[PDB]
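K.L.:
Sending over a structure as structure tokens; questions will come in a sec.
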Amino acid sequence: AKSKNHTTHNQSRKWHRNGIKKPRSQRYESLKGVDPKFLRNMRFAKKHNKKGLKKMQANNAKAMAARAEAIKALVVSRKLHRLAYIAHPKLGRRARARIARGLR
Amino acid sequence: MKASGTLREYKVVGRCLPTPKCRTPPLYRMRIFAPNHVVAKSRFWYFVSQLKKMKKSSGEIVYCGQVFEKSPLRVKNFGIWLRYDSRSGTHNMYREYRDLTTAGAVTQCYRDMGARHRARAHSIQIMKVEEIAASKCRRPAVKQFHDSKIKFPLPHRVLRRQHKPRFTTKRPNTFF
Amino acid sequence: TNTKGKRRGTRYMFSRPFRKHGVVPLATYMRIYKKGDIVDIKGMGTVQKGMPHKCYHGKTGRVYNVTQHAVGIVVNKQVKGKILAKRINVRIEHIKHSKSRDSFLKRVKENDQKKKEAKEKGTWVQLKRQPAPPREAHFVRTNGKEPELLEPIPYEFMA
Amino acid sequence: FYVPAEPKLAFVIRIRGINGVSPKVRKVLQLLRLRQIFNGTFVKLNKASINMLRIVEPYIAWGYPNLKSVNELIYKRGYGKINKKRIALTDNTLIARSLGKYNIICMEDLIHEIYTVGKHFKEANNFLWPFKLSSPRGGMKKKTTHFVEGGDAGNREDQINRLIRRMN
RNA sequence: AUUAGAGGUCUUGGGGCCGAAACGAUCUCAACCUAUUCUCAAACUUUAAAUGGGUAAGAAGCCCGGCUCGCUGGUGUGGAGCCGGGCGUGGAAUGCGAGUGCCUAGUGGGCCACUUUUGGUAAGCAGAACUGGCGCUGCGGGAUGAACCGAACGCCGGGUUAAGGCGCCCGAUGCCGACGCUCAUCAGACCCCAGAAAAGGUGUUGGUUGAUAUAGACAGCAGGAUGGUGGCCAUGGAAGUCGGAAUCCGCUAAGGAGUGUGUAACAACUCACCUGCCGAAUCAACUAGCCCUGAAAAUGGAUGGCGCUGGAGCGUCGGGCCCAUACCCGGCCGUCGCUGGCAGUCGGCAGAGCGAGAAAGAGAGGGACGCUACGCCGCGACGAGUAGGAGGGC
RNA sequence: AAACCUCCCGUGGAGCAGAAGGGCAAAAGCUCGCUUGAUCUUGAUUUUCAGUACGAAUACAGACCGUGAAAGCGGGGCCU
RNA sequence: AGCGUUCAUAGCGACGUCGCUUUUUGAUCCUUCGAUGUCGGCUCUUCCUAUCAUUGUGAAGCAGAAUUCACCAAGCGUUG
RNA sequence: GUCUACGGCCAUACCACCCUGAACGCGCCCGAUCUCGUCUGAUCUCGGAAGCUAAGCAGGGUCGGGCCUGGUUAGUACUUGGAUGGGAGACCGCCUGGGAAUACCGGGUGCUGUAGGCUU
């Protein structure tokens with residue numbers, strides 16, 4: 001009473017029913033498995049990021065105004081083009097008032 | 001290549017794509033026999049790809065025109081050179097015909113090879129159609145029409161319209 | 001059935017090429033890899049340690065962790081109707097900087113160049129790659145010469 | 001000689017049915033919007049598009065349409081995909097409502113965009129529903145084999161205009 | 001792995017040969033070596049495709065400025081992490097709204113086909129790869145049929161088709177169909193598919209190649225058809241005829257040194273190469289079409305049947321024509337979608353519009369029906385189904 | 001013919017415990033010297049895979065050590 | 001190729017090769033295990049021809065006799 | 001033009017034989033007291049500078065081998081997709097696309113980074 005042993009027959013069809021979903025991409029992937037000695041330093045750089053709070057607010061602000069001076073030192077044919085202007089609602093009102101007197 | 005209808009003759013020329021390596025390729029003229037010009041330009045690539053290293057992806061058709069007969073009201077003896085394949089090996093042939101246009105002869109050659117040798121149209125490669133005189137003929141089945149005083153009756157006549165008066169009373173005469 | 005050995009069927013996958021056996025060139029080591037580089041895998045037989053599996057020989061991924069002699073890669077592996085973004089640790093010897101990315105990085109340079117340039121000219125120039133169009137109408141000069149006539153040759157039994 | 005421009009437009013008609021179709025072919029025939037037999041569509045030609053047409057060569061019968069061939073298809077079988085709803089084009093304010101952001105405000109504009117493939121073909125051609133052509137009056141030659149070998153599948157370059165006159 | 005000769009040298013040697021004896025010499029025969037040469041490899045390979053497998057084609061990106069670090073250090077070096085600010089032509093084509101979480105039945109004997117493929121002589125056998133089928137599925141066609149070809153199904157009217165057909169059964173060629181091919185005392189007659197091979201044919205139709213012809217063919221008829229010689233080494237005799245070797249020439253159209261018709265050999269004659277009359281095609285070998293031989297089983301018998309031979313057969317091909325539940329058009333039912341529309345039935349406290357291509361204001365200084373809103377109404381698209389799941393049952 | 005000695009040629013035709021394949025020439029081989037990384041301890045990952053184990057394996061990290069002038073290398077066997 | 005004095009094919013026919021047949025055995029497991037009564041013989045019928053005899057014939061190494069080989073042919077026989 | 005040191009690429013750089021090498025340099029070469037190591041100062045280590053391009057090395061040459069790169073083989077082999085194509089089969093032909101490899105015949109025979117000399 002032997003039987004079949006193995007077959008990948010219906011399988012490729014079975015997989016594409018619900019689609020072969022690519023793995024869900026997302027920014028800020030997890031920091032798991034990264035080596036500890038580099039990670040251990042990285043947590044210290046995040047622990048002492050408040051130390052430069054006063055410098056940073058007093059660095060970009062003086063850089064905020066420095067940007068405000070580089071600006072302050074500076075600041076197919078006319079026939080179908082014409083008919084395209086009469087056919088405009090918001091800016092052709094004054095135009096087609098010339099036709100309204102054409103019946104008059 | 002399905003030899004359907006009366007064939008025509010086409011002068012199709014082509015060339016390779018222009019490249020910085022070779023400024024302008026040479027032009028290649030052929031004489032294709034095909035039902036429509038579309039299957040002519042396809043049959044063109046089939047020959048040029050075996051006489052040259054050119055394919056349709058690296059060539060361009062330059063002119064797909066139909067050539068007409070120079071004298072369609074003159075009877076002519078045409079000489080055809082074939083390359084057909086049997087069930088066992090390929091052979092060269094020289095078949096002779098008698099018709100009014102070369103395309104009228106090529107069609108006749110395609111029906112004949114299918115009739116006399118059971119060869120389908122995709123097996124035959126016409127390579128040369130030459131107009132020859134009545135003295136350069138070789139096949140006897142066409143030489144017998146070379147007579148300024150040819151004369152022959154019509155023998156026992158296969159009666160047509162045999163269904164229009166389907167139930168007649170008289171025996172149909174066959175001697176006209 | 002088959003065996004589940006790690007290197008089953010890698011007679012030619014990890015074998016060194018012809019006339020290239022022996023010590024490996026040193027620029028394969030002094031080539032640097034930051035985080036997030038498009039990096040492909042090609043197993044090298046001469047370095048037994050740090051070898052990847054045979055299912056990644058050819059697969060391309062990105063780096064997420066860099067150690068002394070190795071990198072961690074996030075590569076995709078299809079396993080029976082689903083893709084897995086699995087992390088593997090491979091030595092530098094089985095690693096190349098994939099050039100399947102920089103030709104887009106080159107395209108970013110001119111796209112940033114031609115956007116700043118020609119802006120003061122007030123013109124609008126194309127940026128996107130358009131596929132190869134059908135060729136335009138042109139002439140063909142056939143000066144003097146006539147196109148040569150071709151003919152199918154007869155049959156010569158060559159054997 | 002004068003080598004004319006290679007045609008920038010093509011009309012694609014599906015000839016084979018839906019039973020027993022290769023998965024690579026089936027994916028392409030639904031990217032050309034040809035889910036039904038004897039459905040038509042316009043396709044602008046380029047290297048990236050012809051190589052998709054080679055994949056479905058046994059299933060389609062495409063060629064280069066004529067100016068009259070576009071007029072009959074848009075007038076008699078033109079249906080706009082307005083809000084994911086197949087709606088007939090019995091009035092110009094159905095086109096200009098949706099295609100007004102591309103200066104297409106009539107049917108002659110819509111034909112001018114399709115026939116002379118412009119820079120707004122994609123929004124124009126995706127606006128038209130796939131054409132539900134009829135069965136070919138007069139009968140095909142052979143549905144199976146390629147047009148060159150007597151059949152009807154493949155690139156029947158200019159003869160596609162004859163096929164339209166009967167199917168439309 | 002394997003075949004064959006070549007050219008090398010004593011590079012060792014097998015018996016040799018004048019040599020006591022010598023790489024002194026001898027023809028050699030071997031290996032051995034060097035250029036070549038024939039044939040191969042699922043478990044060989046320098047080369048090496050087609051098809052195929054990843055990745056990329058931006059805003060999570062670019063480009064500035066500055067902080068933090070116990071990490072890294074000649075070097076605010078290196079790298080990472082933080083802030084802050086600036087750049088949208090959305091950076092290939094095509095198509096399409098996506099993401100995501102619960103709970104979960106059935107199933108876990110499969111089978112067939114193109115292509116690839118292992119074992120086996122093979123199998124409607126056993127075992128795999130890829131795709132599609134059947135199972136779960138009707139329909140048109142293949143006479144018949146789980147799987148082949150077409151095409152997938154709500155209920156109908158019209159039109160048109162597919163694959164198949166169109167002498168009759170049997171819808172459609174009752175076409176002034178085309179050009180051939182074939183005669184079978186076993187004709188042949190349409191994928192899967194249901195039956196034949198080597199070999200052969202002066203059957204016939206094509207071809208291929210090489211020779212023969214006014215210096216004359218091929219047959220035909222009629223003439224020399226001898227001779228040294230009746231050759232001898234000779235067998236009793238062979239004188240053209242039992243059996244091998246010499247297998248010439250002069251005369252000269254020419255005569256083989258005798259292929260046949262008989263004795264002991266002749267006589268006898270007709271056989272070669274040539275004469276003639278008559279004078280235009282003929283011979284030789286291959287080749288491939290149809291046809292025939294090769295071809296023998298048990299109930300009576302099967303191109304489906306009848307029957308068909310100016311096909312109703314085979315080959316190449318025409319227009320026409322026939323019809324599926326497929327396609328187009330129209331109706332009706334239902335489901336799905338628009339997460340569509342309607343409380344505006346706002347009436348002498350009235351004034352009847354919001355279908356309008358274009359981000360926004362009909363702004364103030366006496367009158368049918370309807371709307372069980374769990375109701376009513378309008379558009380599109382769609383409809384197979386076992387196991388199984390759910391919903392609704394006036 | 002084959003003991004030992006010397007020169008020359010020698011891309012691996014050898015060797016590396018074993019089956020085969022891969023790999024290896026100032027070495028992974030051979031020969032010497034010093035040694036115990038075949039030790040102690042978290043996790044992450046790979047392989048089979050249900051993406052569970054066991055086994056085996058790869059990258060680190062924290063220790064204590066070996067060796068080396070040093071860079072380094074070593075937490076068993078060149079890999080399977 | 002040879003045997004057959006001579007002589008390939010009257011009759012045979014090696015080395016090879018091409019089939020046919022389902023009266024041998026295999027192979028297979030498709031149908032039947034809520035059963036299809038599983039060896040022979042006896043009895044009785046019909047069918048097949050790959051022909052032993054008989055009718056008609058061809059070929060022989062057929063003189064006659066006897067015996068081979070082949071064709072049309074299964075009508076009729078093939079016993080104690 | 002070129003060399004030395006350290007290299008990158010790892011034969012267009014290799015191999016065989018022949019030729020020529022100004023200057024510096026690299027070498028050869030002379031020695032063993034010390035350092036160090038051998039059976040042996042050959043090698044390794046160390047101290048030198050009488051000699052020398054003889055060799056290594058560099059450049060060059062060879063109808064050179066190899067290697068590198070083309071042509072040819074060849075649109076051949078093979079192959080994706082398609083047919084109610086052919087064939088008793090074995091297998092072949094066509095449509096649609098992609099497309100090799102020897103023999104054979106050519107061309108080529110190291111580029112180059114950093115530092116330092118020499119030719120002043």
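Chains: A, B, ... in order of the structure tokens. Residues: from 1 per chain. Ligands: from 1, in order shown.
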Would you pick out the contacts of stretch 150-158 of chain E at 9 Å or less, using only C-alpha atoms (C1' of nucleotides), so that residues sharing its chain but fewer than 4 positions from it are not included, and give the list as a list in words?
P.N.:
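Surrounding residues, per the criterion: residues 17, 18 and 19 of chain D; 137, 138, 139, 140, 141, 162, 163, 164, 324, 325, 326, 329, 330, 331, 332, 333, 334, 383 and 384 of chain E.
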K.L.:
Report as JSON lines the residues of chain E within 9 Å of chain D, each with its shortest atom pair and distance in Å (one decimal), using only C-alpha atoms (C1' of nucleotides), ordered by chain and increasing residue number.
P.N.:
```
{"residue": "E:92", "atom": "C1'", "partner": "D:48", "partner_atom": "CA", "distance": 8.9}
{"residue": "E:93", "atom": "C1'", "partner": "D:48", "partner_atom": "CA", "distance": 5.6}
{"residue": "E:94", "atom": "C1'", "partner": "D:31", "partner_atom": "CA", "distance": 6.1}
{"residue": "E:95", "atom": "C1'", "partner": "D:31", "partner_atom": "CA", "distance": 4.6}
{"residue": "E:96", "atom": "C1'", "partner": "D:31", "partner_atom": "CA", "distance": 8.7}
{"residue": "E:131", "atom": "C1'", "partner": "D:22", "partner_atom": "CA", "distance": 6.5}
{"residue": "E:132", "atom": "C1'", "partner": "D:20", "partner_atom": "CA", "distance": 5.4}
{"residue": "E:133", "atom": "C1'", "partner": "D:20", "partner_atom": "CA", "distance": 7.3}
{"residue": "E:150", "atom": "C1'", "partner": "D:17", "partner_atom": "CA", "distance": 8.8}
{"residue": "E:151", "atom": "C1'", "partner": "D:17", "partner_atom": "CA", "distance": 6.6}
{"residue": "E:152", "atom": "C1'", "partner": "D:19", "partner_atom": "CA", "distance": 7.0}
{"residue": "E:160", "atom": "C1'", "partner": "D:135", "partner_atom": "CA", "distance": 5.5}
{"residue": "E:161", "atom": "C1'", "partner": "D:135", "partner_atom": "CA", "distance": 5.5}
{"residue": "E:162", "atom": "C1'", "partner": "D:143", "partner_atom": "CA", "distance": 7.6}
{"residue": "E:163", "atom": "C1'", "partner": "D:143", "partner_atom": "CA", "distance": 8.7}
{"residue": "E:326", "atom": "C1'", "partner": "D:17", "partner_atom": "CA", "distance": 8.3}
{"residue": "E:327", "atom": "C1'", "partner": "D:135", "partner_atom": "CA", "distance": 5.0}
{"residue": "E:328", "atom": "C1'", "partner": "D:134", "partner_atom": "CA", "distance": 4.2}
{"residue": "E:338", "atom": "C1'", "partner": "D:83", "partner_atom": "CA", "distance": 8.1}
{"residue": "E:357", "atom": "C1'", "partner": "D:97", "partner_atom": "CA", "distance": 4.2}
{"residue": "E:358", "atom": "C1'", "partner": "D:100", "partner_atom": "CA", "distance": 7.7}
{"residue": "E:379", "atom": "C1'", "partner": "D:85", "partner_atom": "CA", "distance": 8.4}
{"residue": "E:380", "atom": "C1'", "partner": "D:85", "partner_atom": "CA", "distance": 4.8}
{"residue": "E:381", "atom": "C1'", "partner": "D:85", "partner_atom": "CA", "distance": 7.4}
```
K.L.:
Residues of chain D that have any atom at most 12 Å from an atom of chain H: could you tabulate them with the shortest-distance atom pair and the distance in Å to one decimal, using only C-alpha atoms (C1' of nucleotides), ordered by chain and increasing number, as CSV?
P.N.:
```
residue,atom,partner,partner_atom,distance
D:22,CA,H:81,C1',10.7
D:24,CA,H:81,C1',11.3
D:25,CA,H:81,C1',10.5
D:50,CA,H:97,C1',11.8
D:51,CA,H:97,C1',9.7
D:53,CA,H:96,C1',11.2
D:54,CA,H:96,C1',7.8
D:55,CA,H:81,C1',7.6
D:56,CA,H:81,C1',9.0
D:57,CA,H:96,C1',7.8
D:58,CA,H:82,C1',6.4
D:59,CA,H:82,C1',10.0
D:142,CA,H:83,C1',10.0
D:143,CA,H:83,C1',10.1
D:144,CA,H:83,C1',6.6
D:145,CA,H:83,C1',5.3
D:146,CA,H:95,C1',6.6
D:147,CA,H:95,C1',8.9
D:148,CA,H:95,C1',7.1
D:149,CA,H:95,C1',6.3
D:150,CA,H:95,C1',9.9
D:151,CA,H:83,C1',9.2
D:152,CA,H:83,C1',11.8
D:153,CA,H:82,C1',9.7
D:154,CA,H:96,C1',8.9
D:155,CA,H:96,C1',10.5
```
K.L.:
What would the file look like if the residues just selected were written as a PDB file, in the first residue's frame with N, CA and C atoms?
P.N.:
```
ATOM      1  N   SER D  22      -1.220  31.038 -18.757  1.00  0.00           N
ATOM      2  CA  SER D  22       0.033  31.107 -18.016  1.00  0.00           C
ATOM      3  C   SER D  22      -0.006  32.247 -17.009  1.00  0.00           C
ATOM      4  N   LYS D  24       2.358  34.282 -15.920  1.00  0.00           N
ATOM      5  CA  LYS D  24       3.072  35.453 -16.407  1.00  0.00           C
ATOM      6  C   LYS D  24       2.268  36.172 -17.476  1.00  0.00           C
ATOM      7  N   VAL D  25       1.566  35.420 -18.317  1.00  0.00           N
ATOM      8  CA  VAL D  25       0.718  36.035 -19.328  1.00  0.00           C
ATOM      9  C   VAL D  25      -0.498  36.675 -18.676  1.00  0.00           C
ATOM     10  N   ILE D  50       6.644  47.212 -25.840  1.00  0.00           N
ATOM     11  CA  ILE D  50       6.636  46.143 -26.835  1.00  0.00           C
ATOM     12  C   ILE D  50       7.048  44.826 -26.204  1.00  0.00           C
ATOM     13  N   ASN D  51       7.999  44.873 -25.278  1.00  0.00           N
ATOM     14  CA  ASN D  51       8.458  43.648 -24.643  1.00  0.00           C
ATOM     15  C   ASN D  51       7.408  43.051 -23.728  1.00  0.00           C
ATOM     16  N   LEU D  53       4.266  43.240 -24.930  1.00  0.00           N
ATOM     17  CA  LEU D  53       3.402  42.708 -25.968  1.00  0.00           C
ATOM     18  C   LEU D  53       3.930  41.411 -26.546  1.00  0.00           C
ATOM     19  N   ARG D  54       5.231  41.163 -26.453  1.00  0.00           N
ATOM     20  CA  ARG D  54       5.750  39.885 -26.916  1.00  0.00           C
ATOM     21  C   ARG D  54       5.348  38.754 -25.991  1.00  0.00           C
ATOM     22  N   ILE D  55       5.130  39.059 -24.712  1.00  0.00           N
ATOM     23  CA  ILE D  55       4.741  38.049 -23.741  1.00  0.00           C
ATOM     24  C   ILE D  55       3.358  37.489 -24.016  1.00  0.00           C
ATOM     25  N   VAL D  56       2.459  38.291 -24.567  1.00  0.00           N
ATOM     26  CA  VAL D  56       1.085  37.857 -24.759  1.00  0.00           C
ATOM     27  C   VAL D  56       0.796  37.728 -26.243  1.00  0.00           C
ATOM     28  N   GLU D  57       1.825  37.425 -27.026  1.00  0.00           N
ATOM     29  CA  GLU D  57       1.656  37.275 -28.469  1.00  0.00           C
ATOM     30  C   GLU D  57       0.633  36.227 -28.896  1.00  0.00           C
ATOM     31  N   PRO D  58       0.489  35.063 -28.251  1.00  0.00           N
ATOM     32  CA  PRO D  58      -0.594  34.164 -28.661  1.00  0.00           C
ATOM     33  C   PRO D  58      -1.974  34.654 -28.287  1.00  0.00           C
ATOM     34  N   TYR D  59      -2.099  35.597 -27.363  1.00  0.00           N
ATOM     35  CA  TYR D  59      -3.400  35.966 -26.836  1.00  0.00           C
ATOM     36  C   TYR D  59      -3.963  37.242 -27.431  1.00  0.00           C
ATOM     37  N   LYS D 142      -7.658  32.088 -38.230  1.00  0.00           N
ATOM     38  CA  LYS D 142      -7.352  31.072 -37.232  1.00  0.00           C
ATOM     39  C   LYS D 142      -6.932  31.730 -35.930  1.00  0.00           C
ATOM     40  N   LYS D 143      -7.692  31.483 -34.870  1.00  0.00           N
ATOM     41  CA  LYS D 143      -7.457  32.140 -33.594  1.00  0.00           C
ATOM     42  C   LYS D 143      -6.134  31.735 -32.967  1.00  0.00           C
ATOM     43  N   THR D 144      -5.639  30.546 -33.269  1.00  0.00           N
ATOM     44  CA  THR D 144      -4.522  29.978 -32.511  1.00  0.00           C
ATOM     45  C   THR D 144      -3.167  30.485 -32.997  1.00  0.00           C
ATOM     46  N   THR D 145      -2.847  30.243 -34.262  1.00  0.00           N
ATOM     47  CA  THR D 145      -1.495  30.502 -34.735  1.00  0.00           C
ATOM     48  C   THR D 145      -1.277  31.987 -35.010  1.00  0.00           C
ATOM     49  N   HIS D 146      -0.015  32.341 -35.232  1.00  0.00           N
ATOM     50  CA  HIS D 146       0.384  33.722 -35.449  1.00  0.00           C
ATOM     51  C   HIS D 146      -0.088  34.212 -36.808  1.00  0.00           C
ATOM     52  N   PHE D 147      -0.253  35.533 -36.924  1.00  0.00           N
ATOM     53  CA  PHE D 147      -0.808  36.121 -38.139  1.00  0.00           C
ATOM     54  C   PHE D 147       0.079  35.861 -39.342  1.00  0.00           C
ATOM     55  N   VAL D 148       1.388  35.778 -39.119  1.00  0.00           N
ATOM     56  CA  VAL D 148       2.311  35.550 -40.223  1.00  0.00           C
ATOM     57  C   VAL D 148       2.102  34.167 -40.812  1.00  0.00           C
ATOM     58  N   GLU D 149       1.955  33.161 -39.962  1.00  0.00           N
ATOM     59  CA  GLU D 149       1.681  31.816 -40.454  1.00  0.00           C
ATOM     60  C   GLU D 149       0.194  31.551 -40.600  1.00  0.00           C
ATOM     61  N   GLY D 150      -0.531  32.440 -41.274  1.00  0.00           N
ATOM     62  CA  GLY D 150      -1.929  32.231 -41.574  1.00  0.00           C
ATOM     63  C   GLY D 150      -2.907  32.571 -40.472  1.00  0.00           C
ATOM     64  N   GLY D 151      -2.482  32.571 -39.215  1.00  0.00           N
ATOM     65  CA  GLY D 151      -3.401  32.789 -38.116  1.00  0.00           C
ATOM     66  C   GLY D 151      -3.817  34.224 -37.914  1.00  0.00           C
ATOM     67  N   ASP D 152      -4.146  34.583 -36.674  1.00  0.00           N
ATOM     68  CA  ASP D 152      -4.667  35.906 -36.370  1.00  0.00           C
ATOM     69  C   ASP D 152      -4.022  36.559 -35.158  1.00  0.00           C
ATOM     70  N   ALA D 153      -3.204  35.843 -34.403  1.00  0.00           N
ATOM     71  CA  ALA D 153      -2.524  36.427 -33.261  1.00  0.00           C
ATOM     72  C   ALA D 153      -1.257  37.125 -33.721  1.00  0.00           C
ATOM     73  N   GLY D 154      -0.868  38.159 -32.991  1.00  0.00           N
ATOM     74  CA  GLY D 154       0.370  38.849 -33.285  1.00  0.00           C
ATOM     75  C   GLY D 154       0.154  40.218 -33.896  1.00  0.00           C
ATOM     76  N   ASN D 155       1.252  40.752 -34.422  1.00  0.00           N
ATOM     77  CA  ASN D 155       1.293  42.127 -34.903  1.00  0.00           C
ATOM     78  C   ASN D 155       0.904  42.200 -36.372  1.00  0.00           C
TER      79      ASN D 155
END
```
K.L.:
Residues of chain C that approach chain D to 12 Å or less, counting only C-alpha atoms: could you list each one with the shortest pair of atoms and its distance in Å to one decimal, rows by chain and increasing residue number, as a tab-separated table?
P.N.:
```
residue	atom	partner	partner_atom	distance
C:129	CA	D:48	CA	11.6
C:130	CA	D:46	CA	9.1
C:131	CA	D:48	CA	6.0
C:132	CA	D:47	CA	5.2
C:133	CA	D:46	CA	4.7
C:134	CA	D:6	CA	5.4
C:135	CA	D:6	CA	5.9
C:136	CA	D:5	CA	4.6
C:137	CA	D:5	CA	3.8
C:138	CA	D:3	CA	5.4
C:139	CA	D:2	CA	4.5
C:140	CA	D:1	CA	5.2
C:141	CA	D:1	CA	6.6
C:142	CA	D:1	CA	7.4
C:143	CA	D:1	CA	10.4
C:146	CA	D:1	CA	12.0
C:147	CA	D:1	CA	11.5
```
K.L.:
Rounded to one decimal place, report the atom CA of residue C:39-atom CA of residue C:95 distance in Å.
P.N.:
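These atoms are spaced 6.9 Å apart.
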K.L.:
Between atom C1' of residue H:13 and atom CA of residue C:26, what is the spacing in Å?
P.N.:
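Those two atoms sit 18.2 Å apart.
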K.L.:
What's the 10 Å shell around residue A:42, counting only C-alpha atoms (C1' of nucleotides), without same-chain residues fewer than 5 positions away, as JSON, numbers by chain?
P.N.:
{"A": [36, 37, 47], "E": [68, 69, 71, 80, 81]}
K.L.:
Interatomic distance between atom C1' of residue H:24 and atom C1' of residue H:56?
P.N.:
18.5 Å
K.L.:
Give the helix (DSSP H, G or I) residues of stretch 12-103 of chain A, as assigned by DSSP on the backbone, as a PyMOL selection string.
P.N.:
chain A and resi 12-15+36-47+53-70+78-86+97-100
K.L.:
Mind checking which residues fall within 7 Å of stretch 43-46 of chain B, counting only C-alpha atoms (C1' of nucleotides), ignoring those fewer than 3 positions away in the same chain, and posting them as a PDB file with N, CA, C and O atoms, in the first residue's frame?
P.N.:
```pdb
ATOM      1  N   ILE B  32      10.762  38.878 -52.349  1.00  0.00           N
ATOM      2  CA  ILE B  32       9.958  38.020 -51.493  1.00  0.00           C
ATOM      3  C   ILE B  32       8.613  37.782 -52.153  1.00  0.00           C
ATOM      4  O   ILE B  32       8.070  38.650 -52.838  1.00  0.00           O
ATOM      5  N   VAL B  39       3.540  39.833 -44.033  1.00  0.00           N
ATOM      6  CA  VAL B  39       4.247  38.570 -43.900  1.00  0.00           C
ATOM      7  C   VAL B  39       5.394  38.538 -44.893  1.00  0.00           C
ATOM      8  O   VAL B  39       6.194  37.599 -44.902  1.00  0.00           O
ATOM      9  N   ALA B  40       5.479  39.553 -45.747  1.00  0.00           N
ATOM     10  CA  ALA B  40       6.653  39.708 -46.594  1.00  0.00           C
ATOM     11  C   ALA B  40       7.826  40.223 -45.776  1.00  0.00           C
ATOM     12  O   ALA B  40       8.923  39.660 -45.826  1.00  0.00           O
ATOM     13  N   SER B  49      18.718  36.760 -42.111  1.00  0.00           N
ATOM     14  CA  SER B  49      19.364  36.261 -40.909  1.00  0.00           C
ATOM     15  C   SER B  49      20.162  34.997 -41.147  1.00  0.00           C
ATOM     16  O   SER B  49      20.876  34.572 -40.240  1.00  0.00           O
ATOM     17  N   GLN B  50      20.063  34.377 -42.321  1.00  0.00           N
ATOM     18  CA  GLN B  50      20.868  33.207 -42.634  1.00  0.00           C
ATOM     19  C   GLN B  50      21.855  33.459 -43.757  1.00  0.00           C
ATOM     20  O   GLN B  50      22.698  32.598 -44.026  1.00  0.00           O
ATOM     21  N   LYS B  55      19.520  40.579 -37.499  1.00  0.00           N
ATOM     22  CA  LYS B  55      18.203  40.236 -36.996  1.00  0.00           C
ATOM     23  C   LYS B  55      17.357  41.494 -36.965  1.00  0.00           C
ATOM     24  O   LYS B  55      17.870  42.601 -37.137  1.00  0.00           O
ATOM     25  N   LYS B  56      16.053  41.312 -36.766  1.00  0.00           N
ATOM     26  CA  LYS B  56      15.134  42.443 -36.798  1.00  0.00           C
ATOM     27  C   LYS B  56      15.429  43.447 -35.692  1.00  0.00           C
ATOM     28  O   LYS B  56      15.250  44.653 -35.881  1.00  0.00           O
TER      29      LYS B  56
END
```
K.L.:
Per residue of chain A within 12 Å of chain D, note the shortest atom pair and the distance in Å to one decimal, counting only C-alpha atoms, and order the rows by chain and increasing residue number, as a Markdown table.
P.N.:
```
| residue | atom | partner | partner_atom | distance |
| --- | --- | --- | --- | --- |
| A:12 | CA | D:23 | CA | 10.5 |
| A:13 | CA | D:23 | CA | 9.2 |
| A:16 | CA | D:23 | CA | 10.1 |
| A:17 | CA | D:23 | CA | 12.0 |
| A:84 | CA | D:103 | CA | 9.9 |
| A:87 | CA | D:105 | CA | 11.1 |
| A:88 | CA | D:103 | CA | 11.9 |
```
K.L.:
Can you tell me, as a PyMOL selection string, which residues in chain D count as strand (DSSP E or B) by DSSP?
P.N.:
chain D and resi 2-3+9-14+39-44+60-63+79-81+86-88+128+131-132+146+153-155
K.L.:
Report the closest atom pair, with its distance in Å rounded to one decimal, for each residue of chain A that has an atom no farther than 12 Å from chain F; count only C-alpha atoms (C1' of nucleotides), sort by chain and then rising residue number, and write it as CSV.
P.N.:
```
residue,atom,partner,partner_atom,distance
A:31,CA,F:44,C1',10.7
A:32,CA,F:44,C1',7.2
A:33,CA,F:44,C1',4.5
A:34,CA,F:44,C1',7.8
A:35,CA,F:60,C1',5.8
A:36,CA,F:61,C1',5.9
A:37,CA,F:61,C1',6.7
A:38,CA,F:61,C1',9.9
A:39,CA,F:61,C1',10.6
A:40,CA,F:61,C1',10.3
```
K.L.:
Check every residue of chain B for an atom within 6 Å of chain C, counting only C-alpha atoms, and provide those that qualify as a PyMOL selection string.
P.N.:
chain B and resi 27-30+127
